[PDB]
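Only one structure is covered here, and it is reproduced in the block below.
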Amino acid sequence: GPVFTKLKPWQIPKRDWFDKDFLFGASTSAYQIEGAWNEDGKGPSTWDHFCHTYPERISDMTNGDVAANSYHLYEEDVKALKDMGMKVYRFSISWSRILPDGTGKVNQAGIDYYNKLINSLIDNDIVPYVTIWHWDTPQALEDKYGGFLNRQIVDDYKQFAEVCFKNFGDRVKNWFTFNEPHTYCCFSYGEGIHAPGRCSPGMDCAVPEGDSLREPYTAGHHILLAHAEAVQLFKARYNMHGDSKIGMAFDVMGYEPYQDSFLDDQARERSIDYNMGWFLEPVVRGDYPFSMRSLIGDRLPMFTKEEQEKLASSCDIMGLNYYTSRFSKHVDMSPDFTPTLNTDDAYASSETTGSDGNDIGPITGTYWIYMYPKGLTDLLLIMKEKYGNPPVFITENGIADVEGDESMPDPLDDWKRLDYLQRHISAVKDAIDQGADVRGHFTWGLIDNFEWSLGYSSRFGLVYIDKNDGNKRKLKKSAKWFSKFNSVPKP
Amino acid sequence: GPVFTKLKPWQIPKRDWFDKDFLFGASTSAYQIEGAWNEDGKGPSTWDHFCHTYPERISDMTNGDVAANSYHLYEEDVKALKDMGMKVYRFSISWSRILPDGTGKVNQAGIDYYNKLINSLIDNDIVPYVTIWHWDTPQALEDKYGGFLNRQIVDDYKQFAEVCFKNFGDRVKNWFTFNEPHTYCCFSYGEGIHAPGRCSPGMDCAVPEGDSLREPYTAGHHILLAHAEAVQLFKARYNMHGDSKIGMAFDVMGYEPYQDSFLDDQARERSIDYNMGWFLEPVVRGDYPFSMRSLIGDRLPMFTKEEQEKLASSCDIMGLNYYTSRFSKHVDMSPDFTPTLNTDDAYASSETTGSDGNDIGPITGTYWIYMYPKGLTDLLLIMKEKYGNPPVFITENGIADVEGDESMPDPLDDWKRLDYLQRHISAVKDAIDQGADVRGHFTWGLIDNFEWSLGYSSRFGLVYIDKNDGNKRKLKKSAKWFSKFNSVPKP
Amino acid sequence: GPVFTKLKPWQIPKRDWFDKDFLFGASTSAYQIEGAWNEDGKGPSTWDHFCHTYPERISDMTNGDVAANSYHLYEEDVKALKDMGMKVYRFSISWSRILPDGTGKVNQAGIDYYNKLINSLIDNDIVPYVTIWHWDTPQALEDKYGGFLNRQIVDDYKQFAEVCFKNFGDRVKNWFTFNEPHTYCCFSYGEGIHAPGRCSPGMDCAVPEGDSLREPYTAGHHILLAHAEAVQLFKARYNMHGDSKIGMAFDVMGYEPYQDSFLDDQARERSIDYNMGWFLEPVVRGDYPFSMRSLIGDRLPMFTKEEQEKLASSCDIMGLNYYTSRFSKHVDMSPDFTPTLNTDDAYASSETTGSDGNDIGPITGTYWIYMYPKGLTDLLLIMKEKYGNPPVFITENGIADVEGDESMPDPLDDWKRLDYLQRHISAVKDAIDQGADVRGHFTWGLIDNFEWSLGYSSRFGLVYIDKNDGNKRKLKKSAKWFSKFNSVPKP
Ligand SMILES: O=[N+]([O-])c1ccc(O)c([N+](=O)[O-])c1
Ligand SMILES: O=[N+]([O-])c1ccc(O)c([N+](=O)[O-])c1
Ligand SMILES: O=[N+]([O-])c1ccc(O)c([N+](=O)[O-])c1
Ligand SMILES: *[C@H]1O[C@H](CO)[C@@H](O)[C@H](O)[C@H]1F
Ligand SMILES: *[C@H]1O[C@H](CO)[C@@H](O)[C@H](O)[C@H]1F
Ligand SMILES: *[C@H]1O[C@H](CO)[C@@H](O)[C@H](O)[C@H]1F
């Protein structure tokens with residue numbers, strides 16, 4: 001136990017299921033892998049500060065001071081990509097490494113680092129896809145005005161994005177402004193389990209001085225305004241050759257109705273609106289979902305007409321970060337129910353078990369990843385049918401192997417990860433067969449890394465990081481399958 | 001002009017399109033046909049009072065003092081039904097004729113009248129279906145406590161319903177508690193064009209001392225509570241033989257999205273929720289649609305758990321009163337839009353013309369009846385798929401011939417009405433073929449009658465009332481088609 | 001007014017909706033743009049003669065003496081194509097410029113002109129598609145034997161086509177023999193509104209000495225025989241490398257049944273047979289539609305077996321010239337109906353309004369272009385399902401901005417044209433998704449031009465021709481959208 005049935009061998013995807021232009025890759029983020037947290041002039045991020053001031057808020061009491069040491073070891077990351085035959089690497093730029101004070105003087109050592117990584121990727125026939133921000137805010141701006149809670153973040157972000165465009169845009173042609181705004185707003189400002197660790201008085205987070213009903217929406221609104229400003233600038237000044245693309249990457253769960261009835265059908269649409277539509281609908285039509293405005297009202301800021309027009313059609317490419325699905329169970333509006341957390345505003349509870357008593361799918365290791373590839377195909381067809389079928393990349397997809405799971409004693413023997421990934425790659429094929437414009441699949445993660453409030457205890461890598469042997473990269477079974485899948489010539 | 005294309009002859013329904021148990025009939029209401037407004041002890045209704053105090057609020061300055069004089073001439077109504085071969089007559093009981101003071105002593109002359117009509121119908125092999133209330137509130141209760149705006153209406157209604165059950169239930173086996181609660185709430189308390197004629201200060205109605213954002217919902221809430229009390233009583237004490245049925249009859253428009261986009265898809269669902277779900281969803285699940293609660297909030301009263309349980313599953317039969325359809329056009333929530341009328345709360349405007357510039361269908365006479373039979377089939381399949389496929393009767397369906405329409409110079413030559421009715425009867429067949437549990441079709445109206453704020457200027461009858469020749473009943477072309485359709489033996 | 005709803009921004013096509021080989025372009029014709037009508041030895045065409053002898057038959061009393069002056073200004077046409085990022089230009093060769101006397105000595109100045117245009121296109125990475133004849137008959141042949149009414153046109157055309165193949169075929173690899181034979185036969189010989197302007201005695205055209213029941217079919221028969229001879233020659237002598245293609249371009253309207261009944265279903269098939277099948281069915285199977293032979297009989301010439309075999313499978317590529325759709329309304333055969341115009345022979349009237357009284361779609365400017373993109377998808381699926389799914393190019397598609405339309409005061413602000421074109425490009429995507437072999441979309445027109453009997457009063461261009469400023473080319477809003485769509489590098 002617990003029952004883990006693998007695909008039959010004839011059901012395993014082959015590279016030629018996908019056309020020649022389809023892109024397989026892997027993703028990381030700066031705080032999760034780089035280390036060198038204070039090296040060569042780098043200033044502290046909100047994640048540096050959060051870990052150093054509230055260390056107990058990380059599961060295993062670790063932090064990203066060193067992580068996988070990719071600041072020094074990036075050539076081994078490149079080698080792992082090459083060895084697996086990946087065509088794309090999606091990585092993030094550390095704002096605090098580039099602009100130690102958030103604003104002002106650029107750190108040339110930071111510029112030099114990303115240039116080396118970019119040039120090495122290109123030397124090795126791997127295309128760089130760059131996430132500009134991945135939760136990674138300079139603590140200087142957090143101290144100065146409250147970071148994403150203040151409007152000043154909009155212009156400061158724009159100027160940081162411009163440094164990235166100016167320095168890297170001659171070679172980097174594909175950009176994501178923000179990664180997982182919904183996760184970030186919920187966890188950083190609703191539950192407060194993520195940096196800067198804020199929540200309402202009386203709640204259990206590092207800093208219970210916020211407002212779990214308001215601060216998530218304030219932060220999300222500034223993200224969207226920052227995104228709109230950066231894209232306007234990009235399209236006006238940094239796409240002169242017409243061959244660059246900029247978008248946003250969204251965390252998305254699939255949803256099924258908890259019970260077969262029109263009420264859970266309605267709840268399911270509210271859940272998708274809340275999880276996905278919150279940030280996707282603004283970049284599509286220039287406003288939040290109607291459901292959210294009707295339920296959240298004055299706690300959800302209004303866009304001006306100028307802002308609406310700037311936001312509408314502001315993505316060339318959409319990233320979907322998909323792991324799992326939930327059942328959506330209707331909650332009635334009544335005096336017996338009063339929202340206290342931002343997620344309460346959907347009036348739909350996310351359930352791991354459905355009306356018949358069954359889990360949505362098999363657990364994969366970490367508590368929240370239940371396997372349900374159907375959910376991904378469903379979301380991709382929503383993108384197709386509802387939102388105009390924009391170009392979609394799966395920019396994260398994968399599972400954790402968890403320390404203490406006795407069904408996973410050899411960290412290299414990740415047949416469960418491999419099976420999960422094969423099933424989701426097959427689910428992408430299903431969506432493509434049904435007309436969804438899906439352009440690539442990027443596994444999270446390239447290498448085991450710092451899993452936020454769970455530290456190193458959750459390993460998401462295709463490639464093992466041997467923390468006791470100098471952070472050496474070792475290909476897992478899943479990685480070696482990708483070598484075969486991608487027809488990498490053998491030694 | 002204007003273009004009115006008729007069905008091809010092979011597309012005209014035949015009686016055998018429907019099974020042997022399907023019921024064809026016609027409908028009327030007490031204020032619209034009875035006259036004798038103050039005869040034999042009858043007390044005044046809100047419609048008596050409205051017309052007598054604000055006569056100018058009726059188009060042609062008429063009222064229902066005499067109407068079709070069916071109080072004296074009901075045998076001619078029965079004869080018209082028989083001559084057309086109708087199997088059902090749906091008529092209403094005048095509360096103020098039965099209980100002149102709303103409460104207290106029953107008027108035996110009122111009882112005697114309905115007994116004669118019921119017995120004549122049964123003598124003539126026509127089944128009576130009885131609407132208990134059709135907008136027809138005793139002015140005594142209006143004066144005493146504000147009628148449907150006060151909770152006292154709930155018990156007073158229950159006691160009136162009980163008088164009807166006690167006196168007529170040995171012979172009448174099919175009941176509708178209320179007719180068109182949505183029309184009544186919108187027009188009587190929102191726009192105020194109908195009795196008692198109330199609306200917000202500054203609006204143009206007889207009594208601008210109300211609140212068009214609140215009074216419609218207060219009135220509708222009491223209707224639902226009154227319905228729940230009457231049905232509980234009926235099922236406990238007046239269905240001992242197990243063969244009686246009680247339900248409610250709803251005015252419903254079909255809706256199509258104004259423009260092909262997910263936003264007007266969403267608007268269309270809000271329009272259906274507002275028009276149909278407002279009263280239907282309470283009698284199905286025991287609460288209002290979620291959409292309405294989310295948009296109306298404190299202006300929409302809450303049900304107690306006891307009330308919810310009483311309301312859920314409180315209809316044996318559903319009546320649908322269908323005339324026409326609209327395009328539903330999304331309205332955004334923003335500072336630029338502030339509801340002032342209850343209908344504003346759907347955030348969906350009802351449009352007669354769609355995105356391509358075309359009317360939804362041909363005009364039929366009166367300004368609001370655009371022909372669109374597709375809309376009826378669509379609503380019937382919603383009943384099937386969403387609300388459990390309860391037994392449905394089309395309890396009103398038809399068109400007006402309007403005074404001054406030069407395309408309708410002979411009031412008996414109603415080929416346009418006939419064509420409309422044939423097309424809607426065919427639309428019911430379509431729904432039945434698709435599995436909808438539709439049990440009958442009742443034309444509105446049996447006879448030309450008092451059309452509320454339009455007076456006698458709109459003629460809806462299968463049977464002409466010759467107002468200059470003693471209110472004589474004369475069969476129109478449509479009526480004579482029903483004689484043929486129903487295989488009535490000829491003289 | 002009048003209501004013009006635009007696509008939602010997420011519904012606007014993107015270039016990547018189409019595969020890498022799909023071709024976007026624009027079209028013109030020689031008489032409509034070239035001017036220089038008598039320059040460098042060019043002889044007069046039937047259109048020169050028609051305008052110079054019956055000037056009043058042109059709306060605004062203009063002609064194509066100068067047009068857009070593309071004889072001198074073709075480099076600006078090329079520049080406009082390049083600026084929009086178009087990959088194909090479809091233009092026509094003026095027969096009377098190449099062979100001033102129709103037959104005999106070739107005009108080397110004419111040859112030199114087309115060589116310059118071809119070479120400039122190729123220098124600018126634009127592929128030339130060449131229409132050999134576009135209504136453009138030498139008046140010498142018209143005077144000599146009645147042009148397309150005489151069999152001699154067949155060989156004379158063949159010899160002209162051969163001059164084009166010999167001189168241009170080393171570089172031009174894609175050819176259309178004839179453009180819009182159905183429009184030409186109807187308007188030039190039925191109604192007579194187009195050159196040479198012939199119709200039956202008693203009708204209102206310049207020369208009422210013809211026969212509107214016969215001359216259209218005689219002319220069309222010679223077109224088909226000329227096409228068959230030119231293609232036989234081409235395939236035998238001018239496709240030695242195997243990489244050239246030759247076809248024909250057909251004007252086509254979509255049709256819907258006027259009323260839902262089997263009779264208008266039948267009428268709709270006769271309308272499509274008459275409009276499209278007249279010329280398409282011969283090049284597919286080698287005979288006219290059966291419907292036309294059954295109704296037209298002796299007025300429709302027979303093909304010999306040799307001719308049938310030559311015609312069958314004589315197109316490598318099909319062009320569809322699509323603007324609009326109509327309702328098709330059945331006409332009975334009876335003594336009360338006697339054809340007088342060739343179009344009467346379909347026994348199906350083309351109606352702009354349907355049975356419900358609604359226009360088929362919104363008017364776009366000129367009286368005959370009602371927007372109905374569905375109609376194009378429908379026709380493309382007929383090509384797929386009925387006629388073997390040959391390679392199809394949309395070789396014309398667009399709208400006119402009309403002088404005096406107060407809803408179009410700035411001739412550059414053609415958002416209505418842009419919306420129409422986006423919707424039709426989306427309709428082509430729909431057809432492709434459904435398996436139709438559609439290979440390109442060419443907007444009519446590249447530049448505003450001479451719109452036949454309407455003169456310059458109808459502007460169809462992506463690119464404005466400023467007639468008061470030296471015939472300068474100015475990109476309209478639609479043109480600038482194509483620059484973005486095609487990712488043209490910016491200055
Ligand atoms: O719990 N989640 O749904 C969820 C989603 C994305 C995430 O990136 C994380 N996370 O990093 O802990 C958590
Ligand atoms: O305007 N309406 O939708 C509407 C509906 C039902 C009705 O009964 C009436 N009415 O009696 O005037 C009007
Ligand atoms: O009226 N038409 O259907 C129609 C079609 C194609 C055409 O090219 C023209 N035209 O040039 O006037 C007219
Ligand atoms: C997406 O999810 C993974 C797994 O939770 C995180 O580690 C990444 O930072 C986030 F982008
Ligand atoms: C349903 O509609 C008809 C026509 O508007 C009214 O006359 C009836 O009273 C109502 F029940
Ligand atoms: C196709 O139609 C356009 C618009 O009517 C004409 O100008 C062209 O000559 C014809 F090819």
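Just follow the structure's listing: the first ligand is 1, and inside any ligand the first atom is 1. First the proteins, then the strands, lettered A, B, ... as listed; each starts at 1. Every heavy atom of this structure was used, including side-chain atoms; hydrogens, water molecules and symmetry mates were not.
Close contacts between ligand 1 and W452(A) involve ligand atoms 11 (O) [criterion: under 4.0 Å to a heavy atom]. Close contacts of ligand 4 with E180(A), meaning ligand atoms under 4.0 Å from a residue heavy atom, involve 1 (C), 2 (O), 10 (C), 11 (F). For ligand 4, the atoms sitting less than 4.0 Å from at least one non-hydrogen atom of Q32(A) are 6 (C), 7 (O), 8 (C), 9 (O), numbered in the order shown with element in parentheses.
If you check which protein heavy atom lies closest to atom 3 (O) of ligand 1, you get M253(A) CE, 3.2 Å. Considering only non-hydrogen protein atoms, atom 5 (O) of ligand 4 sits nearest to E451(A) OE2, 2.7 Å. Atom 8 (C) of ligand 4 has its closest protein heavy atom at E396(A) OE1, 3.4 Å. Remark: minimum distance from atom 13 (C) of ligand 1 to any protein heavy atom is reached at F187(A) CE1, 3.8 Å. Of all protein heavy atoms, the one closest to atom 9 (C) of ligand 1 is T183(A) CG2, 3.9 Å.
The shortest N or O to N or O distance between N321(A) and ligand 4 is not under 3.5 Å. Of the N or O atoms in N179(A), none lie within a sub-3.5 Å distance of an N or O in ligand 4. Backbone and side-chain nitrogen or oxygen atoms of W452(A) are examined, and one is located within less than 3.5 angstrom of a nitrogen or oxygen of ligand 4.
No part of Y323(A) comes within 4.0 Å of ligand 1, judged by heavy-atom distances. By the criterion of a heavy-atom distance under 4.0 Å, neither the backbone nor the side chain of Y322(A) is placed next to ligand 4. Residue contacts with ligand 3, taken as heavy atom pairs separated by less than 4.0 Å, do not involve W444(C) at all. Contacts of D251(A) with ligand 4, taken as heavy-atom pairs under 4.0 Å, are absent altogether.
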Checklist entry - Given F50(C) and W135(C), is the ring-ring contact (aromatic ring centres under 6.0 Å, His included) satisfied, shown in steps? => result CA-CA 12 Å; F50(C) 185 69; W135(C) 303 355; over 10 Å; no
Next on the checklist: Determine whether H194(A) and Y184(A) satisfy the following criterion, ring-ring contact (aromatic ring centres under 6.0 Å, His included), listing intermediate values before the conclusion.
Outcome noted: CA-CA 8 Å; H194(A) 285 186; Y184(A) 164 83; 8.8 Å; no
Item to check | Stepwise ring-ring contact (aromatic ring centres under 6.0 Å, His included) check, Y89(A) with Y129(A) | outcome: CA-CA 6 Å; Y89(A) 181 32; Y129(A) 277 51; over 10 Å; no
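The side chain to side chain donor-acceptor pair (under 3.5 Å) test with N179(A) is passed by exactly one of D136(A), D251(A), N321(A): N321(A). Each of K467(A), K476(A), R417(A) was evaluated against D448(A); a single residue qualifies, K476(A), per the salt bridge (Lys or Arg N to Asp or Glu O under 4.0 Å) test.
Checked for salt-bridge contact, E451(A) and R459(A) miss the test: no charged N lies under 4.0 Å from a carboxylate O. Using a cut-off of 4.0 Å between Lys/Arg side-chain N and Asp/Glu carboxylate O, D345(C) and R270(C) are scored as not salt-bridged. Residues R268(C) and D273(C) are not paired through a salt bridge, judged by the lack of any N-O separation under 4.0 Å between the basic side chain and the carboxylate.
The shell of residues lying under 4.0 angstrom from ligand 4, judged by heavy atoms, excludes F450(A). For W368(A), the closest heavy-atom approach to ligand 4 falls below 4.0 Å. Ligand 1 has at least one atom lying under 4.0 Å from a heavy atom of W135(A).
Residues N471(A) and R473(A) approach most closely at O-NH1, 2.8 Å, considering heavy atoms.
Distances from atom 6 (C) of ligand 1 to the heavy atoms of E451(A), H134(A), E180(A), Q32(A) show the closest one on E180(A).
The aromatic rings of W47(C) and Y31(C) sit tilted, their planes meeting at an angle between 30° and 60°.
The 12-atom threshold is not exceeded at CD of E403(C), counting heavy atoms of other residues, nucleotides or ligands nearer than 6.0 Å.
For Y456(C) and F450(C), the ring centers sit closer than 6.0 Å to each other.
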